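Pasting model.txt here (compact mmCIF, N, CA and C atoms):
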```txt
# COMPACT_ATOMS: atom_id res chain seq x y z
N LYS U 1 106.12 113.57 107.29
CA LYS U 1 105.42 114.48 108.25
C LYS U 1 105.92 114.20 109.66
N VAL U 2 106.15 115.27 110.41
CA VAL U 2 106.57 115.15 111.80
C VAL U 2 105.32 115.49 112.66
N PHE U 3 104.70 114.46 113.25
CA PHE U 3 103.52 114.64 114.11
C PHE U 3 103.85 115.28 115.45
N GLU U 4 102.90 116.03 116.00
CA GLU U 4 103.07 116.61 117.33
C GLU U 4 102.49 115.51 118.21
N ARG U 5 102.96 115.43 119.45
CA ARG U 5 102.55 114.37 120.37
C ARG U 5 101.07 114.05 120.45
N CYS U 6 100.27 115.01 120.91
CA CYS U 6 98.84 114.78 121.05
C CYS U 6 98.10 114.54 119.75
N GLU U 7 98.59 115.16 118.68
CA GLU U 7 98.01 114.97 117.36
C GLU U 7 98.12 113.48 117.02
N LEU U 8 99.30 112.91 117.24
CA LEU U 8 99.51 111.49 116.95
C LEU U 8 98.67 110.58 117.86
N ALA U 9 98.59 110.93 119.15
CA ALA U 9 97.85 110.14 120.12
C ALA U 9 96.40 110.00 119.68
N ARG U 10 95.81 111.11 119.24
CA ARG U 10 94.42 111.10 118.78
C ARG U 10 94.24 110.27 117.52
N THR U 11 95.20 110.37 116.59
CA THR U 11 95.16 109.62 115.34
C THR U 11 95.23 108.12 115.58
N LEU U 12 96.15 107.70 116.45
CA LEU U 12 96.30 106.28 116.76
C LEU U 12 95.04 105.71 117.42
N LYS U 13 94.44 106.48 118.32
CA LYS U 13 93.21 106.04 118.97
C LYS U 13 92.08 105.80 117.96
N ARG U 14 91.92 106.73 117.02
CA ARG U 14 90.88 106.63 115.99
C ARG U 14 91.15 105.43 115.07
N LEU U 15 92.42 105.09 114.90
CA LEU U 15 92.82 103.95 114.06
C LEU U 15 92.71 102.63 114.81
N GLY U 16 92.24 102.71 116.06
CA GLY U 16 92.03 101.53 116.87
C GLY U 16 93.24 100.87 117.47
N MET U 17 94.24 101.65 117.86
CA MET U 17 95.47 101.08 118.43
C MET U 17 95.42 100.86 119.93
N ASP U 18 94.52 101.58 120.60
CA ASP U 18 94.43 101.47 122.05
C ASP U 18 93.98 100.08 122.50
N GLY U 19 94.91 99.35 123.10
CA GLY U 19 94.65 98.01 123.61
C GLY U 19 94.74 96.92 122.57
N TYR U 20 95.20 97.25 121.36
CA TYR U 20 95.31 96.24 120.31
C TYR U 20 96.26 95.12 120.75
N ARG U 21 95.77 93.88 120.72
CA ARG U 21 96.55 92.72 121.16
C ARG U 21 97.16 92.97 122.54
N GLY U 22 96.41 93.68 123.38
CA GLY U 22 96.84 93.97 124.74
C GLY U 22 97.79 95.13 124.91
N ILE U 23 98.06 95.87 123.84
CA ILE U 23 98.99 96.99 123.93
C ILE U 23 98.33 98.35 124.08
N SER U 24 98.61 99.02 125.19
CA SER U 24 98.03 100.33 125.45
C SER U 24 98.53 101.41 124.48
N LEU U 25 97.71 102.43 124.30
CA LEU U 25 98.08 103.53 123.43
C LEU U 25 99.43 104.18 123.85
N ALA U 26 99.63 104.41 125.15
CA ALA U 26 100.86 105.02 125.66
C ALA U 26 102.12 104.22 125.23
N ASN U 27 101.98 102.91 125.05
CA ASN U 27 103.10 102.07 124.61
C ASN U 27 103.42 102.30 123.14
N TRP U 28 102.38 102.43 122.32
CA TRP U 28 102.56 102.70 120.89
C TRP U 28 103.19 104.09 120.75
N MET U 29 102.79 105.02 121.62
CA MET U 29 103.36 106.37 121.60
C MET U 29 104.86 106.35 121.98
N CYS U 30 105.19 105.61 123.04
CA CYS U 30 106.57 105.47 123.49
C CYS U 30 107.40 104.84 122.35
N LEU U 31 106.86 103.81 121.68
CA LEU U 31 107.53 103.17 120.54
C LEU U 31 107.81 104.13 119.39
N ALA U 32 106.80 104.88 118.93
CA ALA U 32 106.99 105.84 117.82
C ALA U 32 107.99 106.94 118.17
N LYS U 33 107.96 107.39 119.43
CA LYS U 33 108.85 108.44 119.90
C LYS U 33 110.33 108.02 119.81
N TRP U 34 110.65 106.84 120.31
CA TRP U 34 112.03 106.36 120.27
C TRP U 34 112.48 105.84 118.91
N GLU U 35 111.58 105.28 118.13
CA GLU U 35 111.96 104.76 116.83
C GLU U 35 112.20 105.83 115.77
N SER U 36 111.34 106.85 115.72
CA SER U 36 111.45 107.88 114.69
C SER U 36 111.28 109.33 115.14
N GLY U 37 110.93 109.54 116.40
CA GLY U 37 110.69 110.90 116.85
C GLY U 37 109.40 111.41 116.19
N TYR U 38 108.48 110.48 115.94
CA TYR U 38 107.18 110.78 115.31
C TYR U 38 107.31 111.27 113.87
N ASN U 39 108.35 110.83 113.17
CA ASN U 39 108.57 111.25 111.79
C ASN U 39 108.22 110.12 110.82
N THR U 40 107.27 110.37 109.92
CA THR U 40 106.83 109.35 108.97
C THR U 40 107.81 109.01 107.83
N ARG U 41 108.75 109.91 107.53
CA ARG U 41 109.68 109.66 106.42
C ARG U 41 111.03 109.13 106.88
N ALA U 42 111.14 108.82 108.16
CA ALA U 42 112.39 108.31 108.71
C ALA U 42 112.79 106.95 108.12
N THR U 43 114.03 106.86 107.65
CA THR U 43 114.59 105.61 107.12
C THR U 43 115.93 105.32 107.80
N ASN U 44 116.21 104.05 108.01
CA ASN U 44 117.46 103.67 108.63
C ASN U 44 118.00 102.38 108.05
N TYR U 45 119.10 102.50 107.32
CA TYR U 45 119.75 101.35 106.71
C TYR U 45 120.66 100.63 107.71
N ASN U 46 120.49 99.31 107.80
CA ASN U 46 121.29 98.48 108.69
C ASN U 46 122.38 97.81 107.85
N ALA U 47 123.55 98.44 107.84
CA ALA U 47 124.69 97.95 107.06
C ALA U 47 125.02 96.50 107.41
N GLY U 48 124.80 96.14 108.67
CA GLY U 48 125.08 94.80 109.15
C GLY U 48 124.33 93.68 108.46
N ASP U 49 123.04 93.86 108.19
CA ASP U 49 122.29 92.79 107.53
C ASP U 49 121.60 93.14 106.22
N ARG U 50 121.86 94.34 105.72
CA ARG U 50 121.31 94.82 104.44
C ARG U 50 119.78 95.05 104.41
N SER U 51 119.21 95.29 105.58
CA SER U 51 117.78 95.56 105.69
C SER U 51 117.65 97.04 106.03
N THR U 52 116.46 97.61 105.81
CA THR U 52 116.22 99.02 106.11
C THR U 52 114.93 99.10 106.94
N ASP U 53 114.92 100.02 107.90
CA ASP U 53 113.77 100.28 108.76
C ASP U 53 113.01 101.47 108.15
N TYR U 54 111.69 101.33 108.02
CA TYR U 54 110.88 102.37 107.39
C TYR U 54 109.76 102.98 108.21
N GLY U 55 109.72 104.30 108.20
CA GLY U 55 108.62 105.01 108.83
C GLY U 55 108.53 105.32 110.30
N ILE U 56 107.33 105.77 110.68
CA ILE U 56 107.06 106.17 112.05
C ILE U 56 107.35 105.08 113.10
N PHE U 57 107.15 103.82 112.73
CA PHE U 57 107.39 102.69 113.62
C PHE U 57 108.70 101.94 113.27
N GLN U 58 109.42 102.43 112.25
CA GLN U 58 110.67 101.79 111.80
C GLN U 58 110.50 100.29 111.57
N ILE U 59 109.55 99.96 110.70
CA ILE U 59 109.24 98.57 110.36
C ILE U 59 110.34 98.04 109.40
N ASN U 60 110.88 96.87 109.71
CA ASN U 60 111.97 96.28 108.93
C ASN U 60 111.60 95.55 107.63
N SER U 61 112.40 95.79 106.58
CA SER U 61 112.16 95.20 105.27
C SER U 61 112.42 93.70 105.15
N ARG U 62 113.07 93.10 106.14
CA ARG U 62 113.35 91.68 106.05
C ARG U 62 112.10 90.82 106.20
N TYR U 63 111.14 91.27 107.00
CA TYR U 63 109.95 90.47 107.25
C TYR U 63 108.63 91.10 106.91
N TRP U 64 108.55 92.42 107.05
CA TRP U 64 107.28 93.12 106.88
C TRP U 64 106.87 93.80 105.57
N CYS U 65 107.80 94.41 104.86
CA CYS U 65 107.45 95.07 103.62
C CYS U 65 108.49 94.75 102.57
N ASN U 66 108.13 94.91 101.30
CA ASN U 66 109.07 94.65 100.21
C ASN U 66 109.76 95.88 99.65
N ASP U 67 111.10 95.85 99.61
CA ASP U 67 111.85 96.95 99.00
C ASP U 67 112.73 96.42 97.87
N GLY U 68 112.59 95.13 97.57
CA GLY U 68 113.33 94.49 96.50
C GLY U 68 114.83 94.27 96.66
N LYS U 69 115.49 95.08 97.49
CA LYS U 69 116.93 94.97 97.69
C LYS U 69 117.38 94.26 98.98
N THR U 70 116.45 93.78 99.79
CA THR U 70 116.83 93.07 101.02
C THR U 70 116.90 91.57 100.72
N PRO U 71 118.06 90.95 100.97
CA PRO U 71 118.24 89.51 100.71
C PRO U 71 117.35 88.62 101.56
N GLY U 72 116.82 87.55 100.95
CA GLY U 72 115.98 86.59 101.64
C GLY U 72 114.87 87.17 102.49
N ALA U 73 114.26 88.24 102.00
CA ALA U 73 113.20 88.91 102.73
C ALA U 73 111.82 88.45 102.34
N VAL U 74 110.89 88.61 103.26
CA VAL U 74 109.50 88.30 102.99
C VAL U 74 108.72 89.61 103.15
N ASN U 75 107.44 89.57 102.82
CA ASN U 75 106.60 90.76 102.86
C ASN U 75 105.27 90.39 103.54
N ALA U 76 105.31 90.18 104.85
CA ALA U 76 104.12 89.77 105.59
C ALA U 76 102.96 90.77 105.57
N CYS U 77 103.26 92.06 105.46
CA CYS U 77 102.22 93.06 105.41
C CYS U 77 101.69 93.26 103.99
N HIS U 78 102.30 92.60 103.02
CA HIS U 78 101.91 92.72 101.62
C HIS U 78 101.88 94.18 101.17
N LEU U 79 102.97 94.88 101.45
CA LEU U 79 103.10 96.29 101.11
C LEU U 79 104.48 96.60 100.58
N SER U 80 104.55 97.59 99.70
CA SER U 80 105.83 98.07 99.23
C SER U 80 106.28 98.88 100.45
N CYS U 81 107.58 98.91 100.73
CA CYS U 81 108.07 99.67 101.87
C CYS U 81 107.80 101.15 101.70
N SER U 82 107.59 101.56 100.45
CA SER U 82 107.27 102.95 100.13
C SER U 82 106.00 103.40 100.85
N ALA U 83 105.05 102.49 101.00
CA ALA U 83 103.77 102.77 101.67
C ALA U 83 103.96 103.25 103.10
N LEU U 84 105.09 102.87 103.69
CA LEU U 84 105.40 103.23 105.05
C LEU U 84 106.12 104.55 105.21
N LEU U 85 106.19 105.32 104.13
CA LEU U 85 106.84 106.63 104.16
C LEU U 85 105.80 107.75 103.83
N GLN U 86 104.52 107.39 103.77
CA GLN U 86 103.45 108.37 103.48
C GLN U 86 103.17 109.23 104.69
N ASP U 87 102.52 110.37 104.48
CA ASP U 87 102.14 111.26 105.59
C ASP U 87 100.94 110.63 106.31
N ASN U 88 100.12 109.92 105.54
CA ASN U 88 98.96 109.24 106.08
C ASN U 88 99.49 107.92 106.62
N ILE U 89 99.31 107.69 107.92
CA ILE U 89 99.85 106.49 108.56
C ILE U 89 98.95 105.26 108.61
N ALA U 90 97.87 105.26 107.84
CA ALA U 90 96.94 104.14 107.81
C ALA U 90 97.60 102.80 107.52
N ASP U 91 98.41 102.77 106.46
CA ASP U 91 99.08 101.53 106.08
C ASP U 91 100.15 101.12 107.10
N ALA U 92 100.86 102.10 107.66
CA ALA U 92 101.89 101.83 108.68
C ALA U 92 101.25 101.16 109.91
N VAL U 93 100.06 101.66 110.28
CA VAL U 93 99.29 101.15 111.42
C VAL U 93 98.79 99.73 111.16
N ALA U 94 98.26 99.47 109.96
CA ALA U 94 97.80 98.14 109.65
C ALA U 94 98.98 97.15 109.69
N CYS U 95 100.16 97.60 109.28
CA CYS U 95 101.33 96.73 109.27
C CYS U 95 101.84 96.50 110.70
N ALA U 96 101.83 97.53 111.54
CA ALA U 96 102.24 97.39 112.93
C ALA U 96 101.30 96.41 113.63
N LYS U 97 100.01 96.45 113.28
CA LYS U 97 99.02 95.55 113.86
C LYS U 97 99.36 94.12 113.48
N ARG U 98 99.74 93.93 112.22
CA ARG U 98 100.13 92.61 111.73
C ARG U 98 101.39 92.13 112.47
N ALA U 99 102.35 93.01 112.65
CA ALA U 99 103.60 92.67 113.32
C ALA U 99 103.39 92.15 114.76
N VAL U 100 102.51 92.78 115.53
CA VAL U 100 102.28 92.33 116.91
C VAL U 100 101.36 91.13 117.05
N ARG U 101 100.79 90.68 115.94
CA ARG U 101 99.94 89.50 115.94
C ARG U 101 100.82 88.25 116.11
N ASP U 102 102.14 88.45 116.03
CA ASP U 102 103.14 87.40 116.21
C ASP U 102 103.41 87.22 117.70
N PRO U 103 103.88 86.04 118.13
CA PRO U 103 104.17 85.73 119.54
C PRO U 103 104.98 86.75 120.35
N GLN U 104 105.95 87.41 119.72
CA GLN U 104 106.75 88.41 120.43
C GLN U 104 105.94 89.65 120.81
N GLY U 105 104.97 89.99 119.97
CA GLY U 105 104.15 91.16 120.22
C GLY U 105 105.01 92.40 120.07
N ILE U 106 104.84 93.36 120.98
CA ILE U 106 105.59 94.61 120.93
C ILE U 106 107.09 94.47 121.23
N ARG U 107 107.48 93.32 121.78
CA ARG U 107 108.88 93.06 122.12
C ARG U 107 109.77 92.90 120.89
N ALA U 108 109.16 92.76 119.72
CA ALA U 108 109.91 92.62 118.47
C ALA U 108 110.82 93.83 118.26
N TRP U 109 110.44 94.97 118.81
CA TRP U 109 111.24 96.18 118.70
C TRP U 109 112.09 96.29 119.94
N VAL U 110 113.40 96.13 119.77
CA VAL U 110 114.32 96.24 120.89
C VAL U 110 114.27 97.62 121.53
N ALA U 111 114.01 98.66 120.75
CA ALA U 111 113.92 100.00 121.34
C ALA U 111 112.79 100.06 122.40
N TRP U 112 111.73 99.26 122.23
CA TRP U 112 110.62 99.24 123.20
C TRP U 112 111.11 98.67 124.55
N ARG U 113 111.88 97.60 124.49
CA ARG U 113 112.44 96.97 125.69
C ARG U 113 113.36 97.93 126.44
N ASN U 114 114.24 98.60 125.71
CA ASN U 114 115.18 99.53 126.32
C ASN U 114 114.54 100.76 126.93
N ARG U 115 113.68 101.42 126.14
CA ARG U 115 113.08 102.68 126.56
C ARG U 115 111.66 102.73 127.07
N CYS U 116 110.88 101.66 126.90
CA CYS U 116 109.47 101.70 127.33
C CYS U 116 109.02 100.66 128.35
N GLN U 117 109.52 99.44 128.21
CA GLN U 117 109.15 98.34 129.09
C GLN U 117 109.44 98.66 130.56
N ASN U 118 108.47 98.38 131.43
CA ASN U 118 108.58 98.61 132.89
C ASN U 118 108.73 100.06 133.32
N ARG U 119 108.53 100.99 132.39
CA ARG U 119 108.63 102.39 132.73
C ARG U 119 107.25 103.01 132.83
N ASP U 120 107.21 104.22 133.37
CA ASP U 120 105.98 104.98 133.50
C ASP U 120 105.81 105.68 132.14
N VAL U 121 104.96 105.13 131.26
CA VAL U 121 104.74 105.70 129.94
C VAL U 121 103.55 106.67 129.83
N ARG U 122 102.92 107.02 130.95
CA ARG U 122 101.78 107.94 130.95
C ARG U 122 102.10 109.29 130.34
N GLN U 123 103.34 109.74 130.54
CA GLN U 123 103.78 111.02 130.01
C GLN U 123 103.53 111.20 128.51
N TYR U 124 103.52 110.09 127.77
CA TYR U 124 103.33 110.16 126.32
C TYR U 124 101.92 110.52 125.86
N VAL U 125 100.91 110.28 126.71
CA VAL U 125 99.53 110.61 126.36
C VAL U 125 98.87 111.66 127.26
N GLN U 126 99.54 112.08 128.32
CA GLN U 126 98.95 113.06 129.22
C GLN U 126 98.55 114.37 128.58
N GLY U 127 97.31 114.76 128.84
CA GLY U 127 96.76 116.00 128.32
C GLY U 127 96.27 115.97 126.88
N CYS U 128 96.30 114.81 126.23
CA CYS U 128 95.90 114.72 124.83
C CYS U 128 94.43 114.45 124.59
N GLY U 129 93.69 114.17 125.66
CA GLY U 129 92.27 113.90 125.53
C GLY U 129 91.92 112.57 124.88
N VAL U 130 92.73 111.55 125.14
CA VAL U 130 92.50 110.21 124.57
C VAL U 130 92.28 109.19 125.69
```

Encoded form using structure tokens:
Amino acid sequence: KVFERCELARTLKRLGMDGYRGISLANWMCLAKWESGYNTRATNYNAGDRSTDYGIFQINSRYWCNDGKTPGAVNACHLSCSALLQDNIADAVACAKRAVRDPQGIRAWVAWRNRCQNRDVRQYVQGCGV
């Protein structure tokens, strides 16, 4: 499913993402926008290390979910990576919450550093009523 901006903003707020571990909703929006363009079925294979990024937040198979084909991988979210390709983003959100519970927080995603950190991210939630 390809979410429309405000539709996603409202969904994330209801799922309790606003301010989770100190991360504002606009930051989660900026992250989803650059990682997948708000697309839940987005997949990206990393030929370099044999891991694949799954879903709206492009969560990596090496540490977060199990896809069986990634070498020396763990499954911290205790989910099949398939769960991260559903139209319903409940499981993707619970896994993203788990991911930021680590010391790096939202910095774990390099796309966040490049495109969101120190920038004016208000544009991602403006007019959405959240």

Identify, on the basis of all atoms listed in the file, every residue whose closest approach to stretch 4-8 of chain U does not exceed 7 Å; exclude the query and any residue fewer than 6 positions from it along the same chain; express the result as a PyMOL selection string. chain U and resi 38+124-125+127-129

Requested write-out: N, CA and C atoms of the selected residues, as a PDB file, in the coordinates of the input:
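This went into selection.pdb:
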```pdb
ATOM      1  N   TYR U  38     108.480 110.480 115.940  1.00  0.00           N
ATOM      2  CA  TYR U  38     107.180 110.780 115.310  1.00  0.00           C
ATOM      3  C   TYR U  38     107.310 111.270 113.870  1.00  0.00           C
ATOM      4  N   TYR U 124     103.520 110.090 127.770  1.00  0.00           N
ATOM      5  CA  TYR U 124     103.330 110.160 126.320  1.00  0.00           C
ATOM      6  C   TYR U 124     101.920 110.520 125.860  1.00  0.00           C
ATOM      7  N   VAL U 125     100.910 110.280 126.710  1.00  0.00           N
ATOM      8  CA  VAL U 125      99.530 110.610 126.360  1.00  0.00           C
ATOM      9  C   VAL U 125      98.870 111.660 127.260  1.00  0.00           C
ATOM     10  N   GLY U 127      97.310 114.760 128.840  1.00  0.00           N
ATOM     11  CA  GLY U 127      96.760 116.000 128.320  1.00  0.00           C
ATOM     12  C   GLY U 127      96.270 115.970 126.880  1.00  0.00           C
ATOM     13  N   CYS U 128      96.300 114.810 126.230  1.00  0.00           N
ATOM     14  CA  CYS U 128      95.900 114.720 124.830  1.00  0.00           C
ATOM     15  C   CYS U 128      94.430 114.450 124.590  1.00  0.00           C
ATOM     16  N   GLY U 129      93.690 114.170 125.660  1.00  0.00           N
ATOM     17  CA  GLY U 129      92.270 113.900 125.530  1.00  0.00           C
ATOM     18  C   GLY U 129      91.920 112.570 124.880  1.00  0.00           C
TER      19      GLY U 129
END
```

When you count only N, CA and C atoms, which of these residues is closest to residue U:52: U:102, U:70, U:77, U:20?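 Of U:102, U:70, U:77, U:20, the one nearest residue U:52 is U:70, counting only N, CA and C atoms.
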
Strand (DSSP E) per DSSP on the backbone: members of chain U, as a short mmCIF file (atom, residue, chain, number, x, y, z; two decimals) with N, CA and C atoms, in the coordinates of the input:
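The result, stored in states21.cif:
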```cif
data_model
loop_
_atom_site.label_atom_id
_atom_site.label_comp_id
_atom_site.auth_asym_id
_atom_site.auth_seq_id
_atom_site.Cartn_x
_atom_site.Cartn_y
_atom_site.Cartn_z
N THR U 43 114.03 106.86 107.65
CA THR U 43 114.59 105.61 107.12
C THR U 43 115.93 105.32 107.80
N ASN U 44 116.21 104.05 108.01
CA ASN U 44 117.46 103.67 108.63
C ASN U 44 118.00 102.38 108.05
N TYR U 45 119.10 102.50 107.32
CA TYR U 45 119.75 101.35 106.71
C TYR U 45 120.66 100.63 107.71
N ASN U 46 120.49 99.31 107.80
CA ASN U 46 121.29 98.48 108.69
C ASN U 46 122.38 97.81 107.85
N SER U 51 119.21 95.29 105.58
CA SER U 51 117.78 95.56 105.69
C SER U 51 117.65 97.04 106.03
N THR U 52 116.46 97.61 105.81
CA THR U 52 116.22 99.02 106.11
C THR U 52 114.93 99.10 106.94
N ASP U 53 114.92 100.02 107.90
CA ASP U 53 113.77 100.28 108.76
C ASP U 53 113.01 101.47 108.15
N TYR U 54 111.69 101.33 108.02
CA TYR U 54 110.88 102.37 107.39
C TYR U 54 109.76 102.98 108.21
N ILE U 59 109.55 99.96 110.70
CA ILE U 59 109.24 98.57 110.36
C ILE U 59 110.34 98.04 109.40
N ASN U 60 110.88 96.87 109.71
CA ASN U 60 111.97 96.28 108.93
C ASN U 60 111.60 95.55 107.63
#
```

Quick one, how far is atom CA of residue U:27 from atom CA of residue U:59? 15.9 Å

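Using only C-alpha atoms, the smallest distance between any of U:37, U:68, U:19, U:103 and residue U:55 comes from U:37.
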
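The nearest approach to residue U:1 among the residues U:34, U:16, U:73, U:88, with only N, CA and C atoms taken into account, belongs to U:88.
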
Identify which of the residues U:26, U:83, U:95, U:12 lies closest to residue U:126, counting all atoms listed in the file when measuring atom-to-atom distances.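 Closest candidate: U:26.
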
Among chain U, which ones does DSSP place in alpha helix (DSSP H), written as a VMD selection string? chain U and resid 5 to 14 25 to 36 90 to 100 110 to 115

Limited to N, CA and C atoms, could you put the picked residues into a file as a compact mmCIF listing (two decimals), in the coordinates of the input?
```txt
# COMPACT_ATOMS: atom_id res chain seq x y z
N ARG U 5 102.96 115.43 119.45
CA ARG U 5 102.55 114.37 120.37
C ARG U 5 101.07 114.05 120.45
N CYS U 6 100.27 115.01 120.91
CA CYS U 6 98.84 114.78 121.05
C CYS U 6 98.10 114.54 119.75
N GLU U 7 98.59 115.16 118.68
CA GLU U 7 98.01 114.97 117.36
C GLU U 7 98.12 113.48 117.02
N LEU U 8 99.30 112.91 117.24
CA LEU U 8 99.51 111.49 116.95
C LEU U 8 98.67 110.58 117.86
N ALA U 9 98.59 110.93 119.15
CA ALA U 9 97.85 110.14 120.12
C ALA U 9 96.40 110.00 119.68
N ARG U 10 95.81 111.11 119.24
CA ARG U 10 94.42 111.10 118.78
C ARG U 10 94.24 110.27 117.52
N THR U 11 95.20 110.37 116.59
CA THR U 11 95.16 109.62 115.34
C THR U 11 95.23 108.12 115.58
N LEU U 12 96.15 107.70 116.45
CA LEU U 12 96.30 106.28 116.76
C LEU U 12 95.04 105.71 117.42
N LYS U 13 94.44 106.48 118.32
CA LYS U 13 93.21 106.04 118.97
C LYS U 13 92.08 105.80 117.96
N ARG U 14 91.92 106.73 117.02
CA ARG U 14 90.88 106.63 115.99
C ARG U 14 91.15 105.43 115.07
N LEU U 25 97.71 102.43 124.30
CA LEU U 25 98.08 103.53 123.43
C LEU U 25 99.43 104.18 123.85
N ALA U 26 99.63 104.41 125.15
CA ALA U 26 100.86 105.02 125.66
C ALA U 26 102.12 104.22 125.23
N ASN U 27 101.98 102.91 125.05
CA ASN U 27 103.10 102.07 124.61
C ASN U 27 103.42 102.30 123.14
N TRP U 28 102.38 102.43 122.32
CA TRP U 28 102.56 102.70 120.89
C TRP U 28 103.19 104.09 120.75
N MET U 29 102.79 105.02 121.62
CA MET U 29 103.36 106.37 121.60
C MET U 29 104.86 106.35 121.98
N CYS U 30 105.19 105.61 123.04
CA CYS U 30 106.57 105.47 123.49
C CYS U 30 107.40 104.84 122.35
N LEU U 31 106.86 103.81 121.68
CA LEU U 31 107.53 103.17 120.54
C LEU U 31 107.81 104.13 119.39
N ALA U 32 106.80 104.88 118.93
CA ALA U 32 106.99 105.84 117.82
C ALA U 32 107.99 106.94 118.17
N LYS U 33 107.96 107.39 119.43
CA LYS U 33 108.85 108.44 119.90
C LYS U 33 110.33 108.02 119.81
N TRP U 34 110.65 106.84 120.31
CA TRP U 34 112.03 106.36 120.27
C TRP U 34 112.48 105.84 118.91
N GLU U 35 111.58 105.28 118.13
CA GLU U 35 111.96 104.76 116.83
C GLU U 35 112.20 105.83 115.77
N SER U 36 111.34 106.85 115.72
CA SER U 36 111.45 107.88 114.69
C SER U 36 111.28 109.33 115.14
N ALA U 90 97.87 105.26 107.84
CA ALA U 90 96.94 104.14 107.81
C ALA U 90 97.60 102.80 107.52
N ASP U 91 98.41 102.77 106.46
CA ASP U 91 99.08 101.53 106.08
C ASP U 91 100.15 101.12 107.10
N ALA U 92 100.86 102.10 107.66
CA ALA U 92 101.89 101.83 108.68
C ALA U 92 101.25 101.16 109.91
N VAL U 93 100.06 101.66 110.28
CA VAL U 93 99.29 101.15 111.42
C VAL U 93 98.79 99.73 111.16
N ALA U 94 98.26 99.47 109.96
CA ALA U 94 97.80 98.14 109.65
C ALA U 94 98.98 97.15 109.69
N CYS U 95 100.16 97.60 109.28
CA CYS U 95 101.33 96.73 109.27
C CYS U 95 101.84 96.50 110.70
N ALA U 96 101.83 97.53 111.54
CA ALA U 96 102.24 97.39 112.93
C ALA U 96 101.30 96.41 113.63
N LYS U 97 100.01 96.45 113.28
CA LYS U 97 99.02 95.55 113.86
C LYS U 97 99.36 94.12 113.48
N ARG U 98 99.74 93.93 112.22
CA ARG U 98 100.13 92.61 111.73
C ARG U 98 101.39 92.13 112.47
N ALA U 99 102.35 93.01 112.65
CA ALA U 99 103.60 92.67 113.32
C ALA U 99 103.39 92.15 114.76
N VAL U 100 102.51 92.78 115.53
CA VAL U 100 102.28 92.33 116.91
C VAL U 100 101.36 91.13 117.05
N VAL U 110 113.40 96.13 119.77
CA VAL U 110 114.32 96.24 120.89
C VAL U 110 114.27 97.62 121.53
N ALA U 111 114.01 98.66 120.75
CA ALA U 111 113.92 100.00 121.34
C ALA U 111 112.79 100.06 122.40
N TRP U 112 111.73 99.26 122.23
CA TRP U 112 110.62 99.24 123.20
C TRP U 112 111.11 98.67 124.55
N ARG U 113 111.88 97.60 124.49
CA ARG U 113 112.44 96.97 125.69
C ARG U 113 113.36 97.93 126.44
N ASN U 114 114.24 98.60 125.71
CA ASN U 114 115.18 99.53 126.32
C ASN U 114 114.54 100.76 126.93
N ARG U 115 113.68 101.42 126.14
CA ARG U 115 113.08 102.68 126.56
C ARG U 115 111.66 102.73 127.07
```

Write out as a VMD selection string the residues lying within 9 Å of residue U:53, counting only C-alpha atoms and excluding same-chain residues fewer than 4 positions away. chain U and resid 42 to 46 57 to 61 81

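Going from atom N of residue U:24 over to atom CA of residue U:106, you cover 9.3 Å.
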
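Between atom C of residue U:92 and atom N of residue U:120 lies a distance of 24.4 Å.
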
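With distances taken over all atoms listed in the file, U:69 is the one residue among U:93, U:85, U:101, U:69 lying closest to residue U:51.
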
Fewer than 6 positions away in the same chain doesn't count, so skip those; otherwise give me all residues within 10 Å of residue U:23, counting only C-alpha atoms, as a VMD selection string. chain U and resid 17 100 105 to 106

Convert the current residue selection to file output with N, CA and C atoms, as a JSON list (two decimals), in the frame of the given file.
```
[["chain", "number", "residue", "atom", "x", "y", "z"],
["U", 17, "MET", "N", 94.24, 101.65, 117.86],
["U", 17, "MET", "CA", 95.47, 101.08, 118.43],
["U", 17, "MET", "C", 95.42, 100.86, 119.93],
["U", 100, "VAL", "N", 102.51, 92.78, 115.53],
["U", 100, "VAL", "CA", 102.28, 92.33, 116.91],
["U", 100, "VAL", "C", 101.36, 91.13, 117.05],
["U", 105, "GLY", "N", 104.97, 89.99, 119.97],
["U", 105, "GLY", "CA", 104.15, 91.16, 120.22],
["U", 105, "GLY", "C", 105.01, 92.40, 120.07],
["U", 106, "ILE", "N", 104.84, 93.36, 120.98],
["U", 106, "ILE", "CA", 105.59, 94.61, 120.93],
["U", 106, "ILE", "C", 107.09, 94.47, 121.23]]
```

From the options U:54, U:98, U:39, U:63, which residue's atoms come nearest to residue U:82, counting all atoms listed in the file?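 Between U:54, U:98, U:39, U:63, the residue approaching residue U:82 most closely is U:54.
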
Could I get stretch 97-101 of chain U rebuilt with N, CA, C and O atoms, written as a PDB file, in the coordinates of the input?
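Here's the written file selection.pdb:
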```pdb
ATOM      1  N   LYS U  97     100.010  96.450 113.280  1.00  0.00           N
ATOM      2  CA  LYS U  97      99.020  95.550 113.860  1.00  0.00           C
ATOM      3  C   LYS U  97      99.360  94.120 113.480  1.00  0.00           C
ATOM      4  O   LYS U  97      99.303  93.203 114.324  1.00  0.00           O
ATOM      5  N   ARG U  98      99.740  93.930 112.220  1.00  0.00           N
ATOM      6  CA  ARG U  98     100.130  92.610 111.730  1.00  0.00           C
ATOM      7  C   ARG U  98     101.390  92.130 112.470  1.00  0.00           C
ATOM      8  O   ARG U  98     101.445  90.981 112.928  1.00  0.00           O
ATOM      9  N   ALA U  99     102.350  93.010 112.650  1.00  0.00           N
ATOM     10  CA  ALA U  99     103.600  92.670 113.320  1.00  0.00           C
ATOM     11  C   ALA U  99     103.390  92.150 114.760  1.00  0.00           C
ATOM     12  O   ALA U  99     104.021  91.156 115.148  1.00  0.00           O
ATOM     13  N   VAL U 100     102.510  92.780 115.530  1.00  0.00           N
ATOM     14  CA  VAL U 100     102.280  92.330 116.910  1.00  0.00           C
ATOM     15  C   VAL U 100     101.360  91.130 117.050  1.00  0.00           C
ATOM     16  O   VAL U 100     101.156  90.634 118.151  1.00  0.00           O
ATOM     17  N   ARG U 101     100.790  90.680 115.940  1.00  0.00           N
ATOM     18  CA  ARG U 101      99.940  89.500 115.940  1.00  0.00           C
ATOM     19  C   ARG U 101     100.820  88.250 116.110  1.00  0.00           C
ATOM     20  O   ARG U 101     100.309  87.135 116.256  1.00  0.00           O
TER      21      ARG U 101
END
```
